[PDB]
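Taking it in order: structure first as structure tokens, then the write-up.
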Amino acid sequence: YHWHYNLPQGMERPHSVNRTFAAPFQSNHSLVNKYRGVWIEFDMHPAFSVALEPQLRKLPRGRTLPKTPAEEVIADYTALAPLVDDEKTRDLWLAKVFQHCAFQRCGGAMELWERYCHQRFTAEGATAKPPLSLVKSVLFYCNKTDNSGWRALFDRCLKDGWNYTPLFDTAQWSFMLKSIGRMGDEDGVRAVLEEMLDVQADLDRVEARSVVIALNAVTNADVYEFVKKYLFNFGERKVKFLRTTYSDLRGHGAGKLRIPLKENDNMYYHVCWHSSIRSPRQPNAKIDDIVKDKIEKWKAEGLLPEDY
Amino acid sequence: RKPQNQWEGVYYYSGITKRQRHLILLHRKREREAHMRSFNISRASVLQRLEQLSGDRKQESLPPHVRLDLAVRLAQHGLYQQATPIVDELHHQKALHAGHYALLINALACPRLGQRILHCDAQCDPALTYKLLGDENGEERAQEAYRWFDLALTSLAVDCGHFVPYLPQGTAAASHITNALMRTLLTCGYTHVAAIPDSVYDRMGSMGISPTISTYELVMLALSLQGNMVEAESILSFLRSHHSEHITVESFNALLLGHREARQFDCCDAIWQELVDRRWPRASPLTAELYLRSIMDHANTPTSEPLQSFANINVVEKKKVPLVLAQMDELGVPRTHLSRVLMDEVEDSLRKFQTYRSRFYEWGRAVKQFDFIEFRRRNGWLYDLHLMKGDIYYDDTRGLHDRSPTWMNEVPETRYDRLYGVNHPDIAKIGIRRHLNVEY
Amino acid sequence: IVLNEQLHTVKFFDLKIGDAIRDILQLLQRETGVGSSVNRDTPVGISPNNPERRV
Amino acid sequence: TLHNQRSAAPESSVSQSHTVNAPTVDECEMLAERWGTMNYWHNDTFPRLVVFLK
Amino acid sequence: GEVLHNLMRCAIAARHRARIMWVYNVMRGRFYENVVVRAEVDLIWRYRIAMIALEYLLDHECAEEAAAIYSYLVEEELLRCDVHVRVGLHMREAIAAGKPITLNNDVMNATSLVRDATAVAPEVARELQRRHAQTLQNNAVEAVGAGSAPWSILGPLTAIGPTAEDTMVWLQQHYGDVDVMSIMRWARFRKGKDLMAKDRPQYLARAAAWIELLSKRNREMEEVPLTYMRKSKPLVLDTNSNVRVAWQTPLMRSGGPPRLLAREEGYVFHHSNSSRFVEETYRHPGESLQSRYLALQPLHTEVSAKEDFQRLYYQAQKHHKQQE
Amino acid sequence: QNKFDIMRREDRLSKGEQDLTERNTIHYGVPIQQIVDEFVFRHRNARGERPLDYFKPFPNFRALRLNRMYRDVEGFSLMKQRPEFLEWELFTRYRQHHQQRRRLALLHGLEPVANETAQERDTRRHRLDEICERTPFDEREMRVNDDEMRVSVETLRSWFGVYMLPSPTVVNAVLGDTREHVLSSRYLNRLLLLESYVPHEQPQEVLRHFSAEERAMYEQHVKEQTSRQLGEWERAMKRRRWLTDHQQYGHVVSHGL
Amino acid sequence: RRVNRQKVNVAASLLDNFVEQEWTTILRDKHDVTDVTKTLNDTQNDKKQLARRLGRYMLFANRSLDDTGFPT
Amino acid sequence: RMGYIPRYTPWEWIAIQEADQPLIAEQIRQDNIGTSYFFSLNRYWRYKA
Amino acid sequence: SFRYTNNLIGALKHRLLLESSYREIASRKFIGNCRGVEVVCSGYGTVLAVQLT
């Protein structure tokens with residue numbers, strides 16, 4: 001019951017619980033020092049950076065976003081970029097104005113892709129390979145302005161194409177799924193979510209407001225059954241948070257989004273069913289011959305008479 | 001209330017996710033591909049440089065310094081067979097000199113192939129690089145290192161043609177080539193690293209060549225790889241007695257490496273604590289790499305006398321890792337100059353044994369304690385070791401009852417209360433009233 | 001020698017049946033679904049030894 | 001039954017700084033560059049100042 | 001980058017070598033600050049901080065700390081970056097006018113930094129050969145005790161050819177472990193002052209000291225000749241464990257039989273703080289009272305622990321010269 | 001896994017040393033304090049191995065431990081496993097003679113040195129012998145112990161003789177009155193002077209399994225070995241030395257006075 | 001198998017005795033030849049100078065079965 | 001024995017209790033620069049003096 | 001699963017490198033000298049020329 005005071009007060013047995021169970025760090029709060037954005041990996045040679053320094057000054061650098069309007073940096077790339085004779089310098093410069101026009105939402109920046117980079121990367125079976133910083137910047141741009149040009153570029157990043165999908169970050173897929181749910185591509189949601197499972201991306205650490213938008217745009221019948229088996233891939237902590245965010249984005253907190261959601265209640269009732277499932281509790285030919293033999297018997301018995 | 005266990009540790013998060021350990025393994029494979037890609041590009045460039053100067057310069061004889069520059073670059077990339085016809089005609093044309101022979105034998109140890117073996121094959125272990133360089137023609141490069149040493153001493157006798165019976169054995173060039181020979185023979189197999197303290201060292205003594213500090217450090221490194229520590233410390237004891245001004249870091253790097261191979265981890269601690277104490281010569285990042293790897297080999301070593309009745313005992317040696325990393329901040333050793341294989345195991349020991357003052361005020365909260373229990377309850381099959389399955393020396397006749405008055409001091413309240421009826425015939429001796437004797 | 005190892009397993013008949021029940025108890029407490037994204041080294045739709053593993 | 005580790009005698013508790021050993025022949029050569037105590041040059045047995053003078 | 005630049009400049013004025021390597025260690029960072037936070041120092045500022053740290057440690061001859069920063073510059077490929085900003089400053093002025101710009105080998109060699117580096121390069125190579133010949137001579141006279149030793153007869157440095165191309169040959173085959181052209185461009189300026197155009201022997205002394213510090217091959221060829229450590233075997237009659245039978249080379253004891261290798265008889269490296277080395281014989285027992293009770297007493301003759309070959313060659317030549 | 005460590009293993013066992021892969025696990029095997037305690041626990045306080053001072057009311061720390069044979073009995077010649085009624089008391093007096101010599105060496109600086117040469121050792125011993133033969137034996141330091149009897153020097157000189165425990169007139173007569181001085185190393189050195197004055201060889205059942213073609217190369221193998229072993233042995237018994245004046249070996253024929 | 005293990009032990013020790021017998025013979029007889037090509041400035045290859053640059057003769061009786069042709 | 005309770009905790013039981021609990025990083029208390037005479041008492045308000 | 005295919009990729013990587021290196025051994029010169037005698041040989045063991053430098 002207790003230990004007496006005249007007994008020797010030795011330790012009875014040691015306990016090694018922290019070395020038998022190695023627990024990873026799990027907090028309900030998010031990380032306060034994370035970038036929460038799409039990184040460009042600006043890796044310019046250190047001779048063009050000081051040469052283009054008045055032009056790169058008005059461009060977004062690491063964790064810095066200048067408020068220069070987008071029509072000036074387009075005009076800087078219109079005139080000065082043919083002067084520099086280097087292929088990867090112009091590609092890294094074009095990735096920055098694609099990032100600058102994304103943060104200011106300028107829809108006219110897709111003309112720069114068709115002017116310079118379309119003919120040598122995405123036209124008529126081009127064998128040249130674009131850098132990773134250019135593909136990340138235009139996919140972040142087309143997802144920000146809800147441009148439909150992401151589909152020709154996302155199909156180029158598969159294993160037979162450029163194979164850049166293992167190099168995409170978890171914040172890249174969050175901005176990707178938000179734009180497809182806003183535009184409403186049912187096969188666009190499935191082709192990305194099949195790619196994220198094939199690439200082994202961090203499915204539990206995608207943005208929860210991005211997943212409930214991409215799941216809200218699921219209306220076709222065959223891709224709706226794809227969502228039912230794909231919803232088991234999330235964690236139990238994630239799938240109970242997808243219910244609370246989807247209920248608030250269609251309820252009181254509908255003003256957090258730029259455009260309102262469309263009412264998809266058959267996805268709403270299934271997510272509320274799937275979140276309650278993961279949470280704890282709190283022969284037609286042979287049968288049709290059977291029935292026809294009985295009606296044949298009942299006319300012989302007289303239970304089904306003729307006209308009187 | 002039921003008492004809480006005071007010998008049970010606080011539940012805290014010391015571990016990584018299965019995605020993170022996969023992502024560490026995936027990222028470490030990419031840079032092993034990057035060092036494999038970096039070597040074969042430069043190896044193909046020097047082979048294209050060789051065939052260019054052999055094909056288009058077929059009849060035009062090259063200047064001897066261009067052929068000397070290509071011969072050392074072939075030997076550095078592990079291509080020793082493509083360089084021996086170049087050195088045979090340069091010795092025959094008598095264009096090589098005292099410094100040129102020591103340059104070629106030092107190039108024969110291949111310090112470009114060893115860079116690929118370090119990052120990719122040896123898992124950034126500096127002791128394993130000497131063990132793996134001996135397989136890529138270890139005996140073959142050792143014979144050419146002995147042949148180029150005979151080519152060097154023949155050329156030094158011509159170059160020295162008073163001290164005439166003591167030339168060229170007394171010059172600086174004879175020991176420099178002999179130090180170049182021991183450096184090349186260290187990269188060879190075990191048969192040649194054993195010949196460095198016995199056969200090469202006695203041949204240097206029989207030839208009468210005065211050694212330098214780099215002579216003893218390669219002999220100490222040769223005895224370190226054999227595992228003989230009684231002789232390796234004796235050489236530095238000779239250096240501690242006679243030539244103490246010239247002792248550099250590499251003698252300490254041999255002894256940190258040598259006790260790591262002999263698995264005498266108590267000795268390699270005392271060498272590191274000595275180097276922190278004297279602070280001269282300066283601790284290289286090779287010192288911090290060789291000492292921290294000796295900690296991790298001691299930490300992953302299982303014991304067999306308790307036979308791990310409760311847990312692994314040697315994992316407590318990783319608690320010294322925050323002490324050593326704090327010592328590196330004052331010794332001027334940057335912790336960013338550590339290898340990627342070691343830095344993952346260093347940060348493994350840091351998240352297991354290190355906490356800050358801001359975390360220590362919040363690590364014992366009941367929310368974090370009960371999350372540890374539920375995460376052990378939900379998925380304990382993924383992270384568990386059990387779920388995988390007077391003065392006494394002048395006293396001898398003691399003076400008893402020395403009239404020390406206990407009545408000058410006052411301890412009067414020593415009253416004791418005994419149970420009623422001890423000798424009573426009607427009251428039984430045994431009973432449940434005996435439990436009243438333990439009550440205070 | 002052979003009788004000592006035969007008598008060593010007959011006294012653990014009762015303790016292994018209780019050990020088998022305790023394996024079922026920790027099995028039903030596992031996280032539902034196919035798993036979590038943080039606790040997997042293998043992708044869900046692919047075999048871990050598949051040659052076309054990394055898309 | 002025994003141990004597989006390196007068996008070593010404990011380190012000597014004798015003061016090696018105060019014990020003056022026998023003078024070796026290498027000590028006599030660098031005796032002009034040697035720093036010693038007043039007990040070192042005027043030792044009871046083997047005094048080193050007379051070796052510096054001889 | 002600008003905050004860590006002033007942190008390094010505070011460490012230069014405070015002369016704190018441990019904090020110079022600390023600011024350099026924070027500048028590289030870990031996986032958390034560079035990938036998770038994405039707060040990393042750019043390549044221009046990482047070149048400036050590492051250069052003023054490498055400038056101080058080479059001026060104050062800190063060999064191990066300067067070797068770590070130079071290992072960072074060869075890893076990050078920042079050896080030719082001082083000319084890259086110089087080309088880029090010219091490319092900024094050229095693109096401001098409207099002319100096209102590019103980066104090749106002929107653009108880098110057309111600058112004033114590389115053209116001045118190759119012109120002074122013969123004077124630096126003569127400074128390296130003059131300084132090494134003085135240190136080789138000082139290693140020989142200190143091995144004897146001041147006459148010269150045979151250590152300074154034939155050194156590891158060859159003669160310099162009489163052209164600028166053989167100068168670049170001689171620097172690449174004797175100091176080829178480091179980039180000698182990048183070092184001489186770094187040592188050109190000192191506190192803003194152009195040493196190459198104003199103080200010519202000061203720059204020649206500064207550039208030769210920086211090449212000799214960063215080169216590992218120069219460190220291995222400028223070593224003081226040490227004495228030869230002899231092996232030892234234990235005694236036949238064990239008197240003490242500190243006295244041992246020493247191994248003597250035939251240069252020390254001439255004549256006698258040709259001996260075998262030392263390890264076969266049992267001669268190993270044995271030395272300690274109280275170790276003594278001796279040659280042991282035994283006193284010859286005659287037809288006397290002592291026949292078998294005694295162990296043939298160990299007559300000893302104390303020998304040295306080292307073989308100073310530079311003094312043995314000097315004294316034998318002194319006997320070859322002062323006798324005649 | 002590596003050929004370096006495989007060749008290091010077969011080299012180390014050829015030297016007769018510990019293999020490094022045997023040290024891959026750590027054994028802190030059976031410390032001496034545990035073995036003594038389980039020996040006492042098994043033998044019920046280990047009676048008989050305790051001295052009689054353990055059964056006394058006030059024993060010191062040397063009486064509480066078990067009996068061991070220390071390094072005092074290494075020099076006593078007539079010491080047996082069972083002494084005959086007076087040999088232990090002579091041993092305790094001989095031991096006290098060396099402890100006073102150990103005291104006198106520290107008084108006059110005649111303690112041994114760590115790097116002591118044997119030519120310096122015997123001169124230190126000879127200086128210790130001449131300084132201990134003139135100092136009388138202290139009987140106050142000679143303390144009786146556990147079971148031996150207090151016997152004076154007169155009875156020990158009567159039983160074993162005057163040569164065993166000598167007088168100063170005796171030691172000047174041997175190397176060249178009832179009083180005892182400390183023993184010397186040269187006097188007992190004189191007393192003992194006066195009184196003493198083919199690889200891979202196989203058995204026959206393996207040879208029975210051999211064929212006659214394989215026995216022929218077996219007998220050829222042992223032919224070459226014993227010709228090499230006796231050929232090496234005759235070069236040791238010849239003792240023929242190289243004469244440099246004629247550049248030819250030579251052998252001794254006659255031996256004169 | 002155990003007697004055939006002794007069959008290769010007596011057959012290797014015949015060969016290990018024969019190799020180092022001639023290896024001492026071609027070294028002791030080349031010691032008295034004294035072929036001097038130091039003025040010729042050759043490539044230092046010879047019959048003796050290739051034999052001494054070869055390593056220690058690892059004896060076949062000391063080898064196991066894996067070094068004599070049997071697979072692991 | 002029948003009731004042996006040790007009065008000294010064994011070396012195995014000490015090593016288990018030390019290996020389960022982490023160290024505090026501010027216990028090393030090393031200092032080589034000096035005291036910030038102007039800024040250390042006037043830092044940011046959350047972690048201020 | 002997929003044990004034959006994953007062993008066949010590693011087997012053909014072993015066969016590709018032994019084929020790439022066999023084309024380099026045969027397309028090379030192997031010159032051996034003993035005493036001024038340049039015996040020039042190819043990778044196939046054929047002596048190309050017995051010269052004397």
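Letters A, B, ... go to the chains of the structure tokens in the order shown; residues in each chain start at 1; ligands are counted from 1 in the same order.
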Give me, as an MDAnalysis selection string, the contact residues of chain H against chain B at a cut-off of 8 Å, counting only C-alpha atoms.
-> chainID H and resid 12 15:26 28 30 32
N, CA and C atoms of the current selection, written as a CSV table (one decimal), in the first residue's frame:
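To be explicit, this is the file written out as selection35.csv:
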```
chain,number,residue,atom,x,y,z
H,12,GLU,N,23.9,-0.2,-13.8
H,12,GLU,CA,23.0,-0.3,-14.9
H,12,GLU,C,21.7,0.5,-14.6
H,15,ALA,N,22.5,4.2,-15.3
H,15,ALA,CA,22.7,4.5,-16.7
H,15,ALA,C,21.4,4.6,-17.5
H,16,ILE,N,20.4,3.8,-17.0
H,16,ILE,CA,19.1,3.8,-17.7
H,16,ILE,C,18.3,5.1,-17.3
H,17,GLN,N,18.4,5.6,-16.1
H,17,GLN,CA,17.8,6.8,-15.7
H,17,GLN,C,18.4,8.1,-16.3
H,18,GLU,N,19.7,8.0,-16.6
H,18,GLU,CA,20.4,9.1,-17.2
H,18,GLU,C,20.1,9.1,-18.7
H,19,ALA,N,19.9,8.0,-19.4
H,19,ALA,CA,19.7,7.9,-20.8
H,19,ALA,C,18.3,8.2,-21.2
H,20,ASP,N,17.3,8.2,-20.3
H,20,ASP,CA,16.0,8.5,-20.6
H,20,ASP,C,15.6,10.0,-20.6
H,21,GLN,N,16.3,10.8,-19.8
H,21,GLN,CA,16.0,12.2,-19.7
H,21,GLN,C,17.0,13.0,-20.4
H,22,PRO,N,16.6,14.1,-21.1
H,22,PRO,CA,17.5,14.9,-21.9
H,22,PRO,C,18.3,15.9,-21.0
H,23,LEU,N,19.2,16.6,-21.6
H,23,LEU,CA,20.0,17.7,-21.0
H,23,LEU,C,19.4,19.0,-21.3
H,24,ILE,N,19.7,20.0,-20.5
H,24,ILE,CA,19.3,21.4,-20.7
H,24,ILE,C,20.5,22.1,-21.4
H,25,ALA,N,20.3,22.8,-22.5
H,25,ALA,CA,21.4,23.3,-23.3
H,25,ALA,C,22.0,24.5,-22.6
H,26,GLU,N,21.3,25.2,-21.7
H,26,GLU,CA,21.9,26.3,-21.0
H,26,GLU,C,22.7,25.9,-19.7
H,28,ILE,N,25.5,24.4,-20.0
H,28,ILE,CA,27.0,24.4,-20.3
H,28,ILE,C,27.6,25.8,-20.0
H,30,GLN,N,28.8,28.4,-21.3
H,30,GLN,CA,30.1,28.8,-21.8
H,30,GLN,C,29.9,30.3,-22.3
H,32,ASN,N,32.6,33.5,-24.1
H,32,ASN,CA,33.9,33.9,-24.5
H,32,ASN,C,33.9,35.3,-25.1
```
Every residue of chain I that DSSP places in strand (DSSP E), as JSON, numbers by chain | {"I": [30, 31, 32, 33, 37, 38, 39, 40, 41, 47, 48, 49, 50, 51, 52]}
Would you mind exporting N, CA and C atoms of the selected residues as a PDB file, in the first residue's frame?
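And here's again_9.pdb as it stands now:
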```
ATOM      1  N   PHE I  30      49.793  -1.571 -74.291  1.00  0.00           N
ATOM      2  CA  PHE I  30      50.381  -2.059 -73.044  1.00  0.00           C
ATOM      3  C   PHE I  30      51.869  -2.279 -73.291  1.00  0.00           C
ATOM      4  N   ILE I  31      52.681  -1.292 -72.924  1.00  0.00           N
ATOM      5  CA  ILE I  31      54.114  -1.308 -73.186  1.00  0.00           C
ATOM      6  C   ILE I  31      54.827  -1.789 -71.932  1.00  0.00           C
ATOM      7  N   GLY I  32      55.611  -2.847 -72.070  1.00  0.00           N
ATOM      8  CA  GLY I  32      56.423  -3.363 -70.979  1.00  0.00           C
ATOM      9  C   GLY I  32      57.893  -3.288 -71.336  1.00  0.00           C
ATOM     10  N   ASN I  33      58.707  -2.865 -70.373  1.00  0.00           N
ATOM     11  CA  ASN I  33      60.145  -2.730 -70.561  1.00  0.00           C
ATOM     12  C   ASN I  33      60.870  -3.521 -69.486  1.00  0.00           C
ATOM     13  N   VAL I  37      64.081  -2.582 -73.703  1.00  0.00           N
ATOM     14  CA  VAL I  37      63.350  -3.285 -74.749  1.00  0.00           C
ATOM     15  C   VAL I  37      61.875  -2.937 -74.611  1.00  0.00           C
ATOM     16  N   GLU I  38      61.365  -2.129 -75.537  1.00  0.00           N
ATOM     17  CA  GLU I  38      59.956  -1.740 -75.538  1.00  0.00           C
ATOM     18  C   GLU I  38      59.160  -2.811 -76.272  1.00  0.00           C
ATOM     19  N   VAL I  39      58.477  -3.660 -75.513  1.00  0.00           N
ATOM     20  CA  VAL I  39      57.557  -4.646 -76.064  1.00  0.00           C
ATOM     21  C   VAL I  39      56.163  -4.037 -76.004  1.00  0.00           C
ATOM     22  N   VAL I  40      55.653  -3.611 -77.154  1.00  0.00           N
ATOM     23  CA  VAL I  40      54.357  -2.952 -77.244  1.00  0.00           C
ATOM     24  C   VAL I  40      53.305  -4.020 -77.490  1.00  0.00           C
ATOM     25  N   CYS I  41      52.305  -4.072 -76.617  1.00  0.00           N
ATOM     26  CA  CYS I  41      51.262  -5.080 -76.688  1.00  0.00           C
ATOM     27  C   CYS I  41      49.900  -4.403 -76.649  1.00  0.00           C
ATOM     28  N   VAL I  47      51.472  -9.162 -79.379  1.00  0.00           N
ATOM     29  CA  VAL I  47      52.609  -8.248 -79.371  1.00  0.00           C
ATOM     30  C   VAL I  47      52.598  -7.444 -80.666  1.00  0.00           C
ATOM     31  N   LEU I  48      52.560  -6.118 -80.538  1.00  0.00           N
ATOM     32  CA  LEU I  48      52.513  -5.263 -81.718  1.00  0.00           C
ATOM     33  C   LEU I  48      53.906  -5.018 -82.283  1.00  0.00           C
ATOM     34  N   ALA I  49      54.872  -4.719 -81.416  1.00  0.00           N
ATOM     35  CA  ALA I  49      56.229  -4.423 -81.850  1.00  0.00           C
ATOM     36  C   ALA I  49      57.190  -4.685 -80.700  1.00  0.00           C
ATOM     37  N   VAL I  50      58.338  -5.269 -81.021  1.00  0.00           N
ATOM     38  CA  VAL I  50      59.432  -5.444 -80.073  1.00  0.00           C
ATOM     39  C   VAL I  50      60.495  -4.421 -80.453  1.00  0.00           C
ATOM     40  N   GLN I  51      60.504  -3.291 -79.757  1.00  0.00           N
ATOM     41  CA  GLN I  51      61.400  -2.186 -80.058  1.00  0.00           C
ATOM     42  C   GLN I  51      62.482  -2.073 -78.993  1.00  0.00           C
ATOM     43  N   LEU I  52      63.448  -1.199 -79.265  1.00  0.00           N
ATOM     44  CA  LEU I  52      64.551  -0.928 -78.352  1.00  0.00           C
ATOM     45  C   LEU I  52      64.746   0.576 -78.277  1.00  0.00           C
TER      46      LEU I  52
END
```
Test item: chain B residues at most 6 Å from chain A, counting only C-alpha atoms, as a PyMOL selection string | chain B and resi 8+13-17+383-385
Please provide the set of residues having any atom within 12 Å of residue F:99, restricted to only C-alpha atoms, with same-chain residues fewer than 6 positions apart removed, written as a PyMOL selection string.
-> chain F and resi 72+92-93+105-106+132+137-139+141-142+182-183
Save out the residues we just selected, N, CA, C and O atoms, as a short mmCIF file (atom, residue, chain, number, x, y, z; two decimals), in the first residue's frame.
```cif
data_model
loop_
_atom_site.label_atom_id
_atom_site.label_comp_id
_atom_site.auth_asym_id
_atom_site.auth_seq_id
_atom_site.Cartn_x
_atom_site.Cartn_y
_atom_site.Cartn_z
N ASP F 72 55.38 -11.82 -0.18
CA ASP F 72 56.41 -11.97 0.84
C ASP F 72 57.03 -13.36 0.81
O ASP F 72 58.21 -13.52 1.14
N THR F 92 58.62 -14.60 9.49
CA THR F 92 58.17 -13.29 9.96
C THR F 92 59.34 -12.43 10.42
O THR F 92 59.26 -11.20 10.35
N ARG F 93 60.42 -13.05 10.90
CA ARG F 93 61.60 -12.27 11.25
C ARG F 93 62.38 -11.87 10.01
O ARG F 93 62.95 -10.78 9.96
N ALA F 105 66.61 2.33 3.37
CA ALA F 105 66.87 2.84 2.03
C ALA F 105 66.19 4.18 1.80
O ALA F 105 66.73 5.04 1.09
N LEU F 106 65.01 4.38 2.39
CA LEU F 106 64.33 5.67 2.28
C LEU F 106 64.95 6.73 3.18
O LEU F 106 64.78 7.92 2.91
N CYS F 132 73.38 -1.32 6.07
CA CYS F 132 72.45 -2.09 6.88
C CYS F 132 73.13 -3.11 7.78
O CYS F 132 72.52 -3.57 8.75
N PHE F 137 69.14 -4.61 14.49
CA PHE F 137 67.77 -4.96 14.18
C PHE F 137 66.83 -4.44 15.26
O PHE F 137 67.03 -4.70 16.45
N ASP F 138 65.81 -3.70 14.84
CA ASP F 138 64.83 -3.14 15.77
C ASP F 138 63.78 -4.19 16.08
O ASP F 138 63.10 -4.69 15.17
N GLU F 139 63.64 -4.53 17.36
CA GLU F 139 62.66 -5.52 17.79
C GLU F 139 61.31 -4.90 18.15
O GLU F 139 60.33 -5.64 18.26
N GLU F 141 59.66 -2.86 16.19
CA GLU F 141 58.88 -2.90 14.96
C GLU F 141 58.38 -4.30 14.64
O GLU F 141 57.35 -4.45 13.98
N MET F 142 59.09 -5.33 15.11
CA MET F 142 58.67 -6.72 14.94
C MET F 142 57.48 -6.97 15.86
O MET F 142 57.63 -7.09 17.08
N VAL F 182 70.77 -5.95 10.49
CA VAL F 182 69.89 -6.17 9.35
C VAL F 182 70.63 -6.97 8.28
O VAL F 182 71.82 -6.75 8.02
N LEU F 183 69.93 -7.92 7.67
CA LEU F 183 70.51 -8.79 6.66
C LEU F 183 70.84 -8.01 5.39
O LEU F 183 70.21 -7.01 5.06
#
```
Which residues come within 10 Å of residue C:55, counting only C-alpha atoms, excluding same-chain residues fewer than 3 positions away, as a PyMOL selection string?
-> (chain A and resi 157-160+163-166+195-196+198-200) or (chain C and resi 52)
Can you list, as a list in words, every protein, DNA or RNA residue that comes within 10 Å of stretch 37-43 of chain G when you count only C-alpha atoms, leaving out same-chain residues fewer than 2 positions away?
->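 Counting only the stated atoms, we get residues 85, 87, 88, 89, 91, 92, 93, 94, 147, 148, 150, 151, 154, 155, 157 and 158 of chain B; 34, 35, 45 and 46 of chain G; 32, 33, 34, 35, 36, 37 and 53 of chain I.
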Since we have the selection now, will you write its residues out, keeping C-alpha atoms, as a tab-separated table (two decimals), in the first residue's frame?
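The result, stored in again-v3.tsv:
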```tsv
chain	number	residue	atom	x	y	z
B	85	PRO	CA	54.79	5.14	-70.04
B	87	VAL	CA	57.08	8.73	-66.44
B	88	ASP	CA	59.33	6.11	-68.07
B	89	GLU	CA	60.23	8.41	-70.96
B	91	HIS	CA	63.05	9.56	-66.53
B	92	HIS	CA	64.81	8.36	-69.69
B	93	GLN	CA	65.04	11.91	-71.07
B	94	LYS	CA	66.29	13.05	-67.61
B	147	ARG	CA	59.67	1.41	-58.78
B	148	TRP	CA	59.30	5.20	-58.88
B	150	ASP	CA	64.03	3.49	-57.22
B	151	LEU	CA	63.73	5.88	-60.16
B	154	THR	CA	68.87	6.90	-59.01
B	155	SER	CA	68.11	10.41	-60.26
B	157	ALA	CA	72.58	10.43	-57.20
B	158	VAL	CA	72.96	11.98	-60.66
G	34	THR	CA	75.72	-7.25	-59.47
G	35	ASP	CA	74.18	-6.08	-62.73
G	45	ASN	CA	63.05	-3.50	-64.18
G	46	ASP	CA	65.07	-6.70	-63.75
I	32	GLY	CA	56.42	-3.36	-70.98
I	33	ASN	CA	60.14	-2.73	-70.56
I	34	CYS	CA	62.85	-4.80	-68.89
I	35	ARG	CA	66.24	-3.49	-70.11
I	36	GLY	CA	65.62	-0.89	-72.81
I	37	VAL	CA	63.35	-3.29	-74.75
I	53	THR	CA	64.56	2.61	-76.97
```
Residue D:2: which residues within 12 Å, counting only C-alpha atoms, same-chain residues fewer than 4 positions away excluded, as a list in words?
->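 Skipping anything fewer than 4 positions along the chain leaves residues 304 and 305 of chain B; 6 and 7 of chain D; 26, 27, 28, 29, 30, 31, 32 and 35 of chain F.
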Would you list which chain I residues are within 7 Å of chain C using only C-alpha atoms, as an NGL selection string?
-> :I and (1-2 or 6)
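The neighbours of residue A:31 here are the residues that come within 12 Å of it, using only C-alpha atoms and leaving out any residue fewer than 6 positions away in the same chain; they are residues 25 and 205 of chain A; 32, 36 and 37 of chain E.
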Output for the residues just chosen: N, CA, C and O atoms as a tab-separated table (two decimals), in the first residue's frame:
```
chain	number	residue	atom	x	y	z
A	25	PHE	N	8.09	14.76	-33.11
A	25	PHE	CA	7.48	15.98	-32.59
A	25	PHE	C	6.13	16.22	-33.26
A	25	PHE	O	6.07	16.39	-34.49
A	205	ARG	N	-0.11	16.98	-44.92
A	205	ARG	CA	0.37	18.34	-44.71
A	205	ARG	C	0.05	19.27	-45.87
A	205	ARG	O	0.66	20.34	-45.99
E	32	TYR	N	17.50	23.60	-41.43
E	32	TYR	CA	16.31	24.30	-40.94
E	32	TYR	C	16.24	25.72	-41.48
E	32	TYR	O	15.21	26.15	-42.00
E	36	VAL	N	13.70	24.96	-44.58
E	36	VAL	CA	12.41	25.10	-43.93
E	36	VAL	C	12.01	26.56	-43.82
E	36	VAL	O	10.91	26.96	-44.21
E	37	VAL	N	12.91	27.40	-43.29
E	37	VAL	CA	12.61	28.82	-43.16
E	37	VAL	C	12.76	29.53	-44.50
E	37	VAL	O	12.06	30.52	-44.77
```
